[PDB]
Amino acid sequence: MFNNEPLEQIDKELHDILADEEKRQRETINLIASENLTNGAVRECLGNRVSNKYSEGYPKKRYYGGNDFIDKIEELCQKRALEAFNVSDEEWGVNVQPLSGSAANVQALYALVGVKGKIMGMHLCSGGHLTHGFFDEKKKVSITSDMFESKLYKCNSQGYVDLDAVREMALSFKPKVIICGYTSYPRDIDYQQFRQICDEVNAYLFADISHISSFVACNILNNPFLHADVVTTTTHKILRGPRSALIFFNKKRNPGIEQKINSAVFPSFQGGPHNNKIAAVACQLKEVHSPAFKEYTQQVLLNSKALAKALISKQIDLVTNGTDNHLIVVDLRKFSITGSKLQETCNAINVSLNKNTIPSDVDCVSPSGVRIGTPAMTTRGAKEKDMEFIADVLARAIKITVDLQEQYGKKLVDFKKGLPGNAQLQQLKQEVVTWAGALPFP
């Protein structure tokens, strides 16, 4: 007593928009550092009937029965996860049930410190995430600033983690957890140095490696598992999995942490796990362990280095003057334009990027930079030689943005009016669409 007909027939309206979205994705240079493209195998898992199943609890400890095949899945996932992050099932556990990055951070932080607990994270404007305790003046923007009491460290005017001010704030504030690993940070992290600070104050060490997860797994960047009490990561970014998150906890360093994490997740915050997510994560983590994926992650870095260099060769300033990873932040002051405008300009030419604040930006109102990343384009088969074109396209957009601001003024509402019809952008869009459209596409 149901409808069997394909999505096409059952709902042609939705299939219209979905087919369109697919086409935009195919015909875009996607530089959103936090984006990637899933293969059909990860998407078969997301569309699998395994999500019919209520499975509150953990393997071998379910509230409901009929959960044998689900137990095997969740365990296959936890194993594949510990293997991928080169870490022993005797020193480290994983929780695979967090529905997304933000959920996973809220949960882990609660487990460690509880309500009213004291947390420290990098400010959003300096490259930290919302769930690292972000707040405005009096307005507690993130639950992590309201549920916990939080203080935000900044980067120095060069764009690097101000480790000294982290100390000067740590002793001042006496936190129970300090978070590192970031939303927009183009360099590697000194986990060791964060460990030093954390000991001095009896604090937990939280590493959110969501953006750099692959580097950590493939031993290309610093290992946080050597110093961290908890590591969290999303699975949809450089990891190239589904939209989901993982919580890692060092038991061999921390008393009953397995308990605190696993019950923060359920039943403190979540109910039924989404088993299709768990299935999809499992499938990707297998790929993650293959050396073919290490080949991919390397290519992500080589592309990022080549893009940084080529942008610099066109006299474009980069925050920290380069990259250690997948992510670049362009400082635009030199051209007297906002990241706000440049985003709008790149939208018109099917180039996906987003505005990003720079150290000298006081407010978050009109950021002077943009964040770009290479994982999605690397997935589509772009190599170093291809980074010059992307760099050139970006430089053309920067210049156009300069011209269009000279005609229509500084206020963004006005600027946007200059975008449609512009002969140049229409020509630049087609170059993009033609090169982007014909790239490998999972």
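All residue numbers are counted from 1 along the displayed sequence. We call the rigid core the largest set of C-alpha positions that still match within 1.5 Å between the two forms.
Visitor: Out of 135 to 143 and 330 to 338, which one drifts farther from the shown form in 8 other deposited structures of this protein in terms of CA positions, with the fit done on the rigid core?
Guide: Of 135 to 143 and 330 to 338, the stretch deviating more in 8 other deposited structures of this protein is 135 to 143.
Visitor: Say the other structures are aligned on the rigid core; which stretch then has the higher CA RMS in 8 other deposited structures of this protein, 297 to 305 or 357 to 365?
Guide: Higher average C-alpha offset in 8 other deposited structures of this protein goes to 357 to 365.
Visitor: Taking the mean of the C-alpha B-factors per stretch from the entry, tell me the winner out of 414 to 422 and 13 to 21.
Guide: Mean B over CA atoms: larger for 414 to 422.
Visitor: Once you work out the mean C-alpha B-factor for both 325 to 333 and 286 to 294 from the entry, which is higher?
Guide: Looking at the recorded C-alpha B-factors, 286 to 294 comes out higher on average.
Visitor: Can you tell me which of 299, 144, 268, 259 has the maximum CA B-factor listed in the PDB entry?
Guide: That would be 259, according to the entry.
Visitor: If you compare 369, 133, 175, 241, which has the highest Cα B-factor in the entry?
Guide: When the deposited C-alpha B-factors of 369, 133, 175, 241 are compared, 175 is largest.
Visitor: Taking the entry's C-alpha B-factors for this chain, is residue 168 in the lowest, middle or highest third?
Guide: It falls in the top third of the chain.
Visitor: Ordered by C-alpha B-factor within the chain, which third holds residue 216? Give me lowest, middle or highest, please.
Guide: It belongs to the middle third of the chain when residues are ordered by C-alpha B-factor.
Visitor: Considering only modelled residues of the same chain, in which third does the CA B-factor of residue 40 rank: lowest, middle or highest?
Guide: Middle third, going by the recorded CA B-factors of the chain.
Visitor: Among the modelled residues of this chain, does the Cα B factor of residue 194 put it in the lowest, middle or highest third?
Guide: Residue 194: CA B-factor falls in the highest third of its chain.
Visitor: Could you look up the Cα B-factor of residue 388 in the entry and say which third of the chain it sits in: lowest, middle or highest?
Guide: Middle third by C-alpha B-factor.
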